[PDB]
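*Asks:* My file is protein_6.txt. It has compact mmCIF, N, CA and C atoms:
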```txt
# COMPACT_ATOMS: atom_id res chain seq x y z
N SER V 3 -8.63 10.92 60.00
CA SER V 3 -8.18 10.35 61.31
C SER V 3 -6.96 9.45 61.16
N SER V 4 -6.23 9.62 60.06
CA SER V 4 -4.96 8.92 59.85
C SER V 4 -3.94 9.44 60.85
N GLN V 5 -3.26 8.52 61.54
CA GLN V 5 -2.35 8.92 62.63
C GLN V 5 -1.15 8.00 62.83
N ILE V 6 -0.14 8.52 63.53
CA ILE V 6 1.03 7.75 63.94
C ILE V 6 1.03 7.58 65.46
N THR V 7 1.12 6.33 65.90
CA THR V 7 1.20 6.00 67.33
C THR V 7 2.45 5.18 67.63
N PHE V 8 2.85 5.15 68.90
CA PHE V 8 4.04 4.43 69.32
C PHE V 8 3.72 3.34 70.34
N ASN V 9 4.02 2.09 69.97
CA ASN V 9 3.89 0.96 70.89
C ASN V 9 5.21 0.67 71.58
N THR V 10 5.21 0.73 72.91
CA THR V 10 6.44 0.64 73.70
C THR V 10 6.39 -0.37 74.84
N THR V 11 7.49 -1.09 75.02
CA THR V 11 7.69 -1.99 76.16
C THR V 11 9.05 -1.70 76.81
N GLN V 12 9.19 -2.08 78.08
CA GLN V 12 10.41 -1.80 78.84
C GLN V 12 10.89 -3.00 79.66
N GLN V 13 12.18 -3.31 79.52
CA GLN V 13 12.85 -4.29 80.36
C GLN V 13 14.06 -3.64 81.03
N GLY V 14 13.87 -3.20 82.28
CA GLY V 14 14.90 -2.48 83.02
C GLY V 14 15.20 -1.13 82.41
N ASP V 15 16.23 -1.09 81.57
CA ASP V 15 16.59 0.12 80.82
C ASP V 15 16.53 -0.10 79.31
N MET V 16 16.21 -1.33 78.91
CA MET V 16 16.02 -1.67 77.50
C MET V 16 14.60 -1.32 77.06
N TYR V 17 14.50 -0.51 76.02
CA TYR V 17 13.21 -0.08 75.48
C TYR V 17 13.01 -0.59 74.07
N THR V 18 11.80 -1.09 73.79
CA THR V 18 11.44 -1.53 72.45
C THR V 18 10.30 -0.65 71.92
N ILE V 19 10.61 0.14 70.90
CA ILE V 19 9.65 1.08 70.33
C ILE V 19 9.26 0.67 68.91
N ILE V 20 7.97 0.42 68.71
CA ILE V 20 7.44 0.09 67.39
C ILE V 20 6.44 1.17 66.94
N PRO V 21 6.88 2.08 66.05
CA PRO V 21 6.01 3.09 65.46
C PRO V 21 4.93 2.48 64.57
N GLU V 22 3.69 2.89 64.79
CA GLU V 22 2.54 2.38 64.05
C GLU V 22 1.90 3.49 63.23
N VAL V 23 1.38 3.14 62.06
CA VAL V 23 0.64 4.09 61.23
C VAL V 23 -0.67 3.47 60.72
N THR V 24 -1.77 4.16 60.99
CA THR V 24 -3.09 3.75 60.51
C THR V 24 -3.64 4.85 59.61
N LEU V 25 -4.08 4.46 58.42
CA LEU V 25 -4.52 5.43 57.41
C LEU V 25 -5.97 5.20 56.98
N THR V 26 -6.67 6.30 56.72
CA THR V 26 -8.05 6.24 56.23
C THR V 26 -8.11 5.85 54.75
N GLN V 27 -7.07 6.22 54.01
CA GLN V 27 -6.96 5.91 52.59
C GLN V 27 -5.64 5.21 52.27
N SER V 28 -5.68 4.27 51.33
CA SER V 28 -4.48 3.56 50.88
C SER V 28 -3.65 4.44 49.95
N UNK V 29 -2.12 4.36 50.21
CA UNK V 29 -1.22 5.33 49.62
C UNK V 29 0.05 4.70 49.21
N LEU V 30 0.64 5.29 48.27
CA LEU V 30 2.08 5.11 48.09
C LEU V 30 2.78 6.21 48.89
N UNK V 31 3.37 5.94 50.05
CA UNK V 31 3.77 6.94 51.07
C UNK V 31 5.26 6.84 51.31
N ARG V 32 5.83 7.94 51.55
CA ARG V 32 7.22 8.08 51.98
C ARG V 32 7.26 8.10 53.50
N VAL V 33 7.92 7.11 54.09
CA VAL V 33 8.02 6.99 55.54
C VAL V 33 9.43 7.31 56.02
N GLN V 34 9.54 8.36 56.84
CA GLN V 34 10.83 8.80 57.39
C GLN V 34 10.88 8.56 58.89
N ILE V 35 11.97 7.96 59.36
CA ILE V 35 12.15 7.69 60.79
C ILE V 35 13.52 8.17 61.27
N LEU V 36 13.50 9.17 62.14
CA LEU V 36 14.72 9.73 62.74
C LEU V 36 14.80 9.34 64.21
N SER V 37 15.82 8.56 64.56
CA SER V 37 16.04 8.15 65.94
C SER V 37 17.37 8.70 66.47
N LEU V 38 17.34 9.20 67.70
CA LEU V 38 18.51 9.80 68.33
C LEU V 38 18.64 9.39 69.79
N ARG V 39 19.84 8.96 70.18
CA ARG V 39 20.16 8.67 71.57
C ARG V 39 21.45 9.38 71.98
N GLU V 40 21.39 10.10 73.09
CA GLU V 40 22.55 10.79 73.63
C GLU V 40 22.79 10.37 75.08
N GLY V 41 23.67 9.39 75.26
CA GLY V 41 24.01 8.87 76.58
C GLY V 41 25.17 9.60 77.23
N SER V 42 25.68 9.02 78.31
CA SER V 42 26.80 9.61 79.06
C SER V 42 28.14 9.34 78.39
N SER V 43 28.29 8.14 77.83
CA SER V 43 29.55 7.72 77.21
C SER V 43 29.40 7.34 75.73
N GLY V 44 28.29 7.76 75.12
CA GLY V 44 28.04 7.46 73.71
C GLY V 44 26.79 8.07 73.11
N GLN V 45 26.85 8.36 71.81
CA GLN V 45 25.72 8.90 71.06
C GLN V 45 25.43 8.07 69.82
N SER V 46 24.17 8.03 69.40
CA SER V 46 23.76 7.29 68.21
C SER V 46 22.56 7.93 67.51
N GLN V 47 22.64 8.04 66.18
CA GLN V 47 21.57 8.64 65.38
C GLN V 47 21.33 7.85 64.09
N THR V 48 20.06 7.53 63.84
CA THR V 48 19.66 6.79 62.65
C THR V 48 18.61 7.55 61.83
N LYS V 49 18.93 7.79 60.56
CA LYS V 49 17.99 8.37 59.61
C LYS V 49 17.61 7.30 58.59
N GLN V 50 16.34 6.93 58.55
CA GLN V 50 15.87 5.92 57.60
C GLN V 50 14.58 6.34 56.88
N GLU V 51 14.58 6.18 55.56
CA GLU V 51 13.41 6.48 54.74
C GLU V 51 13.05 5.30 53.85
N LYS V 52 11.75 5.17 53.55
CA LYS V 52 11.25 4.08 52.71
C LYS V 52 9.95 4.49 52.02
N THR V 53 9.94 4.36 50.70
CA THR V 53 8.75 4.66 49.90
C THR V 53 8.05 3.36 49.51
N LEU V 54 6.94 3.06 50.18
CA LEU V 54 6.18 1.84 49.93
C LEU V 54 4.66 2.06 49.97
N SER V 55 3.92 1.07 49.47
CA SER V 55 2.46 1.12 49.44
C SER V 55 1.86 0.66 50.77
N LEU V 56 0.99 1.50 51.33
CA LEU V 56 0.33 1.21 52.60
C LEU V 56 -1.18 1.04 52.40
N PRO V 57 -1.77 -0.01 53.01
CA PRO V 57 -3.21 -0.22 52.92
C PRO V 57 -3.99 0.64 53.92
N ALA V 58 -5.29 0.80 53.68
CA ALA V 58 -6.15 1.58 54.55
C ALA V 58 -6.77 0.71 55.65
N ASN V 59 -7.14 1.36 56.76
CA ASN V 59 -7.91 0.73 57.84
C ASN V 59 -7.16 -0.32 58.67
N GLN V 60 -5.84 -0.38 58.50
CA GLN V 60 -5.01 -1.34 59.23
C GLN V 60 -3.77 -0.65 59.82
N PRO V 61 -3.44 -0.96 61.09
CA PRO V 61 -2.22 -0.43 61.69
C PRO V 61 -0.98 -1.16 61.17
N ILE V 62 -0.06 -0.41 60.56
CA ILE V 62 1.16 -0.99 60.01
C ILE V 62 2.37 -0.67 60.89
N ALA V 63 3.07 -1.71 61.32
CA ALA V 63 4.32 -1.57 62.06
C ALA V 63 5.43 -1.16 61.10
N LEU V 64 5.98 0.03 61.33
CA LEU V 64 6.97 0.61 60.42
C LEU V 64 8.39 0.12 60.69
N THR V 65 8.80 0.12 61.95
CA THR V 65 10.12 -0.36 62.35
C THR V 65 10.15 -0.88 63.79
N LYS V 66 11.23 -1.56 64.15
CA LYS V 66 11.46 -2.01 65.52
C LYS V 66 12.75 -1.39 66.04
N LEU V 67 12.63 -0.51 67.03
CA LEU V 67 13.78 0.20 67.59
C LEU V 67 14.05 -0.19 69.04
N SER V 68 15.22 -0.78 69.26
CA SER V 68 15.67 -1.16 70.60
C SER V 68 16.69 -0.16 71.12
N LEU V 69 16.34 0.53 72.21
CA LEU V 69 17.19 1.58 72.77
C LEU V 69 17.48 1.38 74.25
N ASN V 70 18.74 1.55 74.62
CA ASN V 70 19.16 1.52 76.02
C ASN V 70 19.10 2.91 76.64
N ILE V 71 17.99 3.21 77.31
CA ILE V 71 17.79 4.52 77.91
C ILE V 71 18.02 4.46 79.42
N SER V 72 18.95 5.29 79.90
CA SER V 72 19.22 5.43 81.32
C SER V 72 18.88 6.86 81.76
N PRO V 73 18.80 7.12 83.08
CA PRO V 73 18.53 8.47 83.57
C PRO V 73 19.37 9.55 82.89
N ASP V 74 18.71 10.63 82.47
CA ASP V 74 19.34 11.78 81.79
C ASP V 74 19.82 11.52 80.35
N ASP V 75 19.44 10.38 79.78
CA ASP V 75 19.72 10.10 78.38
C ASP V 75 18.70 10.81 77.49
N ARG V 76 19.21 11.58 76.53
CA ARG V 76 18.37 12.29 75.57
C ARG V 76 17.98 11.36 74.43
N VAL V 77 16.69 11.02 74.37
CA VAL V 77 16.16 10.13 73.34
C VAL V 77 15.02 10.76 72.55
N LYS V 78 15.03 10.55 71.23
CA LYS V 78 14.04 11.14 70.34
C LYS V 78 13.80 10.26 69.12
N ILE V 79 12.53 9.94 68.87
CA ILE V 79 12.13 9.19 67.67
C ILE V 79 11.05 9.97 66.92
N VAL V 80 11.41 10.49 65.75
CA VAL V 80 10.49 11.27 64.92
C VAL V 80 10.11 10.48 63.66
N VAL V 81 8.82 10.22 63.51
CA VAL V 81 8.30 9.47 62.37
C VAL V 81 7.43 10.37 61.49
N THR V 82 7.76 10.43 60.20
CA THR V 82 7.04 11.26 59.24
C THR V 82 6.48 10.42 58.09
N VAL V 83 5.17 10.52 57.88
CA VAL V 83 4.48 9.80 56.80
C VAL V 83 3.80 10.79 55.85
N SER V 84 4.17 10.72 54.57
CA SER V 84 3.63 11.62 53.55
C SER V 84 3.42 10.91 52.22
N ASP V 85 2.29 11.21 51.56
CA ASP V 85 1.95 10.61 50.27
C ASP V 85 2.47 11.42 49.08
N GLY V 86 2.88 12.66 49.35
CA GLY V 86 3.34 13.57 48.31
C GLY V 86 2.25 14.51 47.84
N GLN V 87 1.04 14.32 48.37
CA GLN V 87 -0.11 15.14 47.99
C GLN V 87 -0.62 16.00 49.15
N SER V 88 -1.58 15.47 49.92
CA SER V 88 -2.21 16.24 51.00
C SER V 88 -1.99 15.66 52.39
N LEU V 89 -1.43 14.45 52.44
CA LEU V 89 -1.16 13.78 53.71
C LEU V 89 0.26 14.07 54.19
N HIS V 90 0.36 14.60 55.41
CA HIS V 90 1.64 14.78 56.09
C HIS V 90 1.43 14.55 57.58
N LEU V 91 2.00 13.46 58.09
CA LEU V 91 1.86 13.10 59.49
C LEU V 91 3.23 13.01 60.16
N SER V 92 3.38 13.70 61.29
CA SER V 92 4.63 13.70 62.03
C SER V 92 4.39 13.61 63.54
N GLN V 93 4.87 12.53 64.14
CA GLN V 93 4.75 12.31 65.58
C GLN V 93 6.09 11.96 66.21
N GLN V 94 6.29 12.40 67.46
CA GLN V 94 7.55 12.20 68.16
C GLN V 94 7.39 11.40 69.45
N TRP V 95 8.29 10.44 69.65
CA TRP V 95 8.40 9.71 70.91
C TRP V 95 9.70 10.11 71.61
N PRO V 96 9.66 10.32 72.95
CA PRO V 96 8.53 10.22 73.89
C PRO V 96 7.43 11.26 73.64
N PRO V 97 6.17 10.91 73.95
CA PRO V 97 5.04 11.83 73.75
C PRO V 97 5.06 13.01 74.73
```
Please re-express this file's structure in structure tokens.
*Replies:*
Amino acid sequence: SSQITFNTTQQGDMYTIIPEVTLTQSXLXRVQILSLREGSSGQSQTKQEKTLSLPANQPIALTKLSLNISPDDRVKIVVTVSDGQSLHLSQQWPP
């Protein structure tokens, strides 16, 4: 039941997205986060990876992403968590 969830808040058009990961077993895991924004007058894309030790039974905040989303803006946040063995978790925001 190890999973990735997204905690989100909104102020007008400012969005704060905090990807969360809760694991049944403790791991040395590779965490990949791909964020993309395609606005009317600008585009932005962030690829970030981090290999660190994660504890079990606790929700871990992976990153804090602040995005300015307006009508018709293409936004995508893909988070991938893998231990290198049998665990591979991939979730996308918006759900």
*Asks:* Residue 75 (chain V): which residues within 6 Å, counting all atoms listed in the file, same-chain residues fewer than 2 positions away excluded, as a ChimeraX atom specification?
*Replies:* /V:40-41,71-73,77
*Asks:* Find, counting only N, CA and C atoms, the residue in V:69, V:35, V:30, V:54 that gets nearest to residue 85 (chain V).
*Replies:* V:30
*Asks:* Would you please work out which residue, of V:24, V:70, V:87, V:93, is nearest to residue 11 (chain V) when using only C-alpha atoms?
*Replies:* V:70
*Asks:* Pick the closest to residue 42 (chain V) from V:25, V:57, V:16, V:74: which is it, counting all atoms listed in the file?
*Replies:*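 Closest residue, counting all atoms listed in the file: V:74.
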*Asks:* Have a look at V:22, V:51, V:82, V:36 and name the one nearest to residue 10 (chain V); count only C-alpha atoms.
*Replies:* V:22
*Asks:* Between CA of residue 68 (chain V) and CA of residue 26 (chain V), what is the spacing in Å?
*Replies:*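 The value is 28.7 Å.
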*Asks:* With distances taken over all atoms listed in the file, which residue among V:59, V:84, V:94, V:47 lies nearest residue 28 (chain V)?
*Replies:*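 Checking each candidate against residue 28 (chain V), we get V:59 as the closest.
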*Asks:* To one decimal in Å, tell me the separation between CA of residue 43 (chain V) and CA of residue 79 (chain V).
*Replies:*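 Between these atoms lies a distance of 19.9 Å.
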*Asks:* Grab the atom N of residue 45 (chain V) to atom N of residue 14 (chain V) distance for me, in Å with one decimal place.
*Replies:* 20.3 Å
*Asks:* Just need the box for region 31-39 of chain V, edges along x, y and z, holding every atom the file lists for it with 4 Å tacked onto each side, so centre and edge lengths in Å to one decimal, as AutoDock Vina command-line options.
*Replies:*
```
--center_x 12.4 --center_y 7.9 --center_z 61.0 --size_x 26.1 --size_y 11.9 --size_z 29.9
```
*Asks:* Which residue, V:89, V:81, V:96, V:55, has the smallest gap to residue 34 (chain V) when you use only C-alpha atoms?
*Replies:*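 Using only C-alpha atoms, the shortest distance to residue 34 (chain V) belongs to V:81.
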*Asks:* Extract region 65-97 of chain V from the coordinates I pasted, and write it as a JSON list (two decimals), in the first residue's frame (atoms kept: N, CA, C and O atoms).
*Replies:*
```json
[["chain", "number", "residue", "atom", "x", "y", "z"],
["V", 65, "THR", "N", 9.00, 17.53, -2.25],
["V", 65, "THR", "CA", 9.34, 18.88, -2.72],
["V", 65, "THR", "C", 8.19, 19.87, -2.52],
["V", 65, "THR", "O", 7.06, 19.48, -2.22],
["V", 66, "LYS", "N", 8.49, 21.16, -2.69],
["V", 66, "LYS", "CA", 7.48, 22.21, -2.66],
["V", 66, "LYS", "C", 7.48, 22.95, -4.00],
["V", 66, "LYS", "O", 8.46, 23.62, -4.34],
["V", 67, "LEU", "N", 6.39, 22.81, -4.75],
["V", 67, "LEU", "CA", 6.29, 23.41, -6.07],
["V", 67, "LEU", "C", 5.22, 24.51, -6.12],
["V", 67, "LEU", "O", 4.03, 24.24, -5.91],
["V", 68, "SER", "N", 5.66, 25.73, -6.40],
["V", 68, "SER", "CA", 4.76, 26.87, -6.54],
["V", 68, "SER", "C", 4.57, 27.21, -8.02],
["V", 68, "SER", "O", 5.53, 27.56, -8.71],
["V", 69, "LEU", "N", 3.34, 27.08, -8.50],
["V", 69, "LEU", "CA", 3.03, 27.29, -9.91],
["V", 69, "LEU", "C", 1.89, 28.29, -10.13],
["V", 69, "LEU", "O", 0.86, 28.24, -9.45],
["V", 70, "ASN", "N", 2.10, 29.20, -11.07],
["V", 70, "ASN", "CA", 1.08, 30.15, -11.49],
["V", 70, "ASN", "C", 0.24, 29.58, -12.63],
["V", 70, "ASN", "O", 0.63, 29.67, -13.80],
["V", 71, "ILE", "N", -0.89, 28.99, -12.29],
["V", 71, "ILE", "CA", -1.77, 28.37, -13.28],
["V", 71, "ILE", "C", -2.97, 29.26, -13.58],
["V", 71, "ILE", "O", -3.72, 29.62, -12.67],
["V", 72, "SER", "N", -3.13, 29.61, -14.85],
["V", 72, "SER", "CA", -4.28, 30.38, -15.32],
["V", 72, "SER", "C", -5.09, 29.52, -16.30],
["V", 72, "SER", "O", -4.61, 28.46, -16.73],
["V", 73, "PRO", "N", -6.33, 29.94, -16.64],
["V", 73, "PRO", "CA", -7.14, 29.19, -17.60],
["V", 73, "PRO", "C", -6.37, 28.79, -18.87],
["V", 73, "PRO", "O", -5.66, 29.62, -19.44],
["V", 74, "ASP", "N", -6.51, 27.53, -19.27],
["V", 74, "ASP", "CA", -5.85, 26.96, -20.45],
["V", 74, "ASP", "C", -4.33, 26.75, -20.34],
["V", 74, "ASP", "O", -3.68, 26.44, -21.34],
["V", 75, "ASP", "N", -3.79, 26.90, -19.14],
["V", 75, "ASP", "CA", -2.38, 26.59, -18.90],
["V", 75, "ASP", "C", -2.19, 25.09, -18.73],
["V", 75, "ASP", "O", -2.87, 24.45, -17.91],
["V", 76, "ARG", "N", -1.28, 24.52, -19.51],
["V", 76, "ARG", "CA", -0.96, 23.10, -19.43],
["V", 76, "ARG", "C", 0.05, 22.85, -18.31],
["V", 76, "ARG", "O", 1.20, 23.27, -18.39],
["V", 77, "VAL", "N", -0.41, 22.17, -17.26],
["V", 77, "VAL", "CA", 0.43, 21.87, -16.10],
["V", 77, "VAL", "C", 0.48, 20.37, -15.80],
["V", 77, "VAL", "O", -0.53, 19.67, -15.87],
["V", 78, "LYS", "N", 1.68, 19.88, -15.47],
["V", 78, "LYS", "CA", 1.90, 18.46, -15.21],
["V", 78, "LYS", "C", 3.03, 18.25, -14.21],
["V", 78, "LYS", "O", 4.13, 18.77, -14.38],
["V", 79, "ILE", "N", 2.74, 17.48, -13.16],
["V", 79, "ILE", "CA", 3.75, 17.09, -12.17],
["V", 79, "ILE", "C", 3.78, 15.57, -12.03],
["V", 79, "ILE", "O", 2.83, 14.97, -11.52],
["V", 80, "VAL", "N", 4.86, 14.96, -12.50],
["V", 80, "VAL", "CA", 5.03, 13.51, -12.45],
["V", 80, "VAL", "C", 6.10, 13.13, -11.43],
["V", 80, "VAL", "O", 7.26, 13.54, -11.55],
["V", 81, "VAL", "N", 5.70, 12.35, -10.42],
["V", 81, "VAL", "CA", 6.61, 11.91, -9.37],
["V", 81, "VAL", "C", 6.82, 10.40, -9.43],
["V", 81, "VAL", "O", 5.86, 9.63, -9.42],
["V", 82, "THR", "N", 8.09, 9.99, -9.50],
["V", 82, "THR", "CA", 8.44, 8.57, -9.59],
["V", 82, "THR", "C", 9.36, 8.15, -8.44],
["V", 82, "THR", "O", 10.42, 8.75, -8.23],
["V", 83, "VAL", "N", 8.94, 7.13, -7.70],
["V", 83, "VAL", "CA", 9.71, 6.60, -6.57],
["V", 83, "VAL", "C", 10.04, 5.12, -6.81],
["V", 83, "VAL", "O", 9.15, 4.30, -7.00],
["V", 84, "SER", "N", 11.34, 4.81, -6.82],
["V", 84, "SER", "CA", 11.81, 3.44, -7.05],
["V", 84, "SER", "C", 13.02, 3.09, -6.19],
["V", 84, "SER", "O", 13.93, 3.91, -6.02],
["V", 85, "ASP", "N", 13.03, 1.87, -5.66],
["V", 85, "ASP", "CA", 14.12, 1.39, -4.81],
["V", 85, "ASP", "C", 15.24, 0.70, -5.59],
["V", 85, "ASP", "O", 16.33, 0.48, -5.07],
["V", 86, "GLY", "N", 14.95, 0.38, -6.85],
["V", 86, "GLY", "CA", 15.89, -0.34, -7.71],
["V", 86, "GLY", "C", 15.63, -1.84, -7.73],
["V", 86, "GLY", "O", 16.29, -2.58, -8.45],
["V", 87, "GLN", "N", 14.66, -2.28, -6.93],
["V", 87, "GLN", "CA", 14.32, -3.69, -6.82],
["V", 87, "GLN", "C", 12.91, -3.99, -7.35],
["V", 87, "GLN", "O", 12.74, -4.24, -8.54],
["V", 88, "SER", "N", 11.91, -3.96, -6.47],
["V", 88, "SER", "CA", 10.55, -4.33, -6.83],
["V", 88, "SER", "C", 9.54, -3.18, -6.70],
["V", 88, "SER", "O", 8.39, -3.30, -7.13],
["V", 89, "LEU", "N", 9.98, -2.08, -6.09],
["V", 89, "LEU", "CA", 9.12, -0.91, -5.90],
["V", 89, "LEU", "C", 9.28, 0.08, -7.04],
["V", 89, "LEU", "O", 10.39, 0.53, -7.34],
["V", 90, "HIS", "N", 8.16, 0.40, -7.69],
["V", 90, "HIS", "CA", 8.10, 1.46, -8.69],
["V", 90, "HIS", "C", 6.75, 2.15, -8.59],
["V", 90, "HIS", "O", 5.71, 1.56, -8.88],
["V", 91, "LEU", "N", 6.77, 3.41, -8.14],
["V", 91, "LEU", "CA", 5.55, 4.18, -7.96],
["V", 91, "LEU", "C", 5.59, 5.45, -8.80],
["V", 91, "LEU", "O", 6.56, 6.21, -8.74],
["V", 92, "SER", "N", 4.55, 5.68, -9.59],
["V", 92, "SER", "CA", 4.45, 6.86, -10.44],
["V", 92, "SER", "C", 3.05, 7.45, -10.43],
["V", 92, "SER", "O", 2.08, 6.79, -10.83],
["V", 93, "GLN", "N", 2.94, 8.69, -9.95],
["V", 93, "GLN", "CA", 1.67, 9.40, -9.90],
["V", 93, "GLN", "C", 1.79, 10.79, -10.52],
["V", 93, "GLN", "O", 2.84, 11.44, -10.42],
["V", 94, "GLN", "N", 0.71, 11.25, -11.15],
["V", 94, "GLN", "CA", 0.70, 12.53, -11.85],
["V", 94, "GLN", "C", -0.35, 13.50, -11.29],
["V", 94, "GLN", "O", -1.49, 13.11, -11.03],
["V", 95, "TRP", "N", 0.06, 14.75, -11.11],
["V", 95, "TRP", "CA", -0.85, 15.84, -10.77],
["V", 95, "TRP", "C", -0.96, 16.79, -11.96],
["V", 95, "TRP", "O", 0.06, 17.11, -12.59],
["V", 96, "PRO", "N", -2.18, 17.26, -12.29],
["V", 96, "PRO", "CA", -3.48, 17.02, -11.65],
["V", 96, "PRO", "C", -3.96, 15.57, -11.78],
["V", 96, "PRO", "O", -3.63, 14.90, -12.76],
["V", 97, "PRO", "N", -4.73, 15.08, -10.78],
["V", 97, "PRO", "CA", -5.24, 13.71, -10.80],
["V", 97, "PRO", "C", -6.31, 13.48, -11.87],
["V", 97, "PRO", "O", -7.01, 14.42, -12.25]]
```
